[PDB]
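What follows is one chain in structure tokens, specifically the form deposited in one PDB entry.
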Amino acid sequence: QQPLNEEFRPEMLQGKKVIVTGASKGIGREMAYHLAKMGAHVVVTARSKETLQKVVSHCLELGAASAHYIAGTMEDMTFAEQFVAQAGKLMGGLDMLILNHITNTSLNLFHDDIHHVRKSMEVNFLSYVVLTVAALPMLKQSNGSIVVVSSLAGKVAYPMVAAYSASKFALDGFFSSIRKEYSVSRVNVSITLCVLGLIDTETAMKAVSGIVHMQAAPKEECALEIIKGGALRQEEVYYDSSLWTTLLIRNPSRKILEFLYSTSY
């Protein structure tokens, strides 16, 4: 797709209608807060109504045009599909879908745990496809945007996150393929894949907590960079504390192999 040629401005999001999944904690809660401050309409979801209600309330205090939540688990494809309909009804439509939630995971060597690999595939990848299918009609109306949160470990290999990484790699293959289909079908819905390094969320800090030696990036600036890449219809957003990463992560060869195919049928 083609990015907006112009600097991000907070106003771009005023009055927009935006779903954020996995928004009761961590990066998704910060995205909800940034959206509130921008005067957006927001619907947030996750499994926990109590934690969601606090986000909603804080969003209203922050200046959210409106804010609501709907709770359920993204293990359930029926919930996933219905949540989008309910959300689009609560707001009168949909400009941007931000898919962020993952299944609970911890760092461990992979041994035996196919159930964890399947659940990660289901919750972290397949639910995102089900949300996008539910959302696409409204997004076509609005010429909207899908934002997909992924990870450095959906681009390069690390130990201890085998199932997680499978699922983040799947999101790159899937949404990157359909982005190429949206170009040849003339569908004007952007797809932004967010590639994040370690971010200082509470779940992550608890797991890497003087247990593994690395520097975390701030979760609020992370959340705004995600929303910006989305608003400006960028293909990929990269966010990490290290400049080695930001310089070495892009893959110009892949872009050339894609262009060679793209230009010969």
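The term rigid core refers to the maximal set of C-alpha atoms that superpose within 1.5 Å between the two forms. Residues carry their position along the shown sequence, with the first being 1.
Across the other PDB entries of this protein whose models span the neighbouring residues, residue 212 goes unmodelled in a third or more. When 169 to 177 is weighed against 130 to 138, 130 to 138 comes out higher, by mean CA B-factor as recorded in the entry. Taking only CA atoms, the mean B-factor in the PDB entry is higher for 64 to 72 than for the other of 64 to 72 and 218 to 226.
Per the deposited coordinates, the residue with the largest Cα temperature factor out of 190, 103, 185, 150 is 185. In the PDB entry, residue 16 places in the highest third of its chain by CA B-factor. In this PDB entry, residue 44 carries a Cα temperature factor that places it within the middle third of its chain's modelled residues. In the PDB entry, a CA B factor belonging to the highest third of its chain's modelled residues is recorded for residue 89.
In the PDB entry, residue 38 places in the highest third of its chain by CA B-factor. The deposited CA B-factor of residue 116 belongs to the middle third of values across its chain.
Quick note: we don't show the form deposited in another entry, though the next part is all about it.
Among the candidates 225, 240, 200, 235, the CA atom that moves 2 angstroms or more between this form and the one not shown after core superposition belongs to 240 alone. Annotation: residue 109/residue 212 CA-CA distance longer in that other deposited form than in the displayed model, change of at least 3 Å. Compared with the form shown here, the Cα atoms of residue 212 and residue 115 move at least 3 Å farther apart in that other deposited form.
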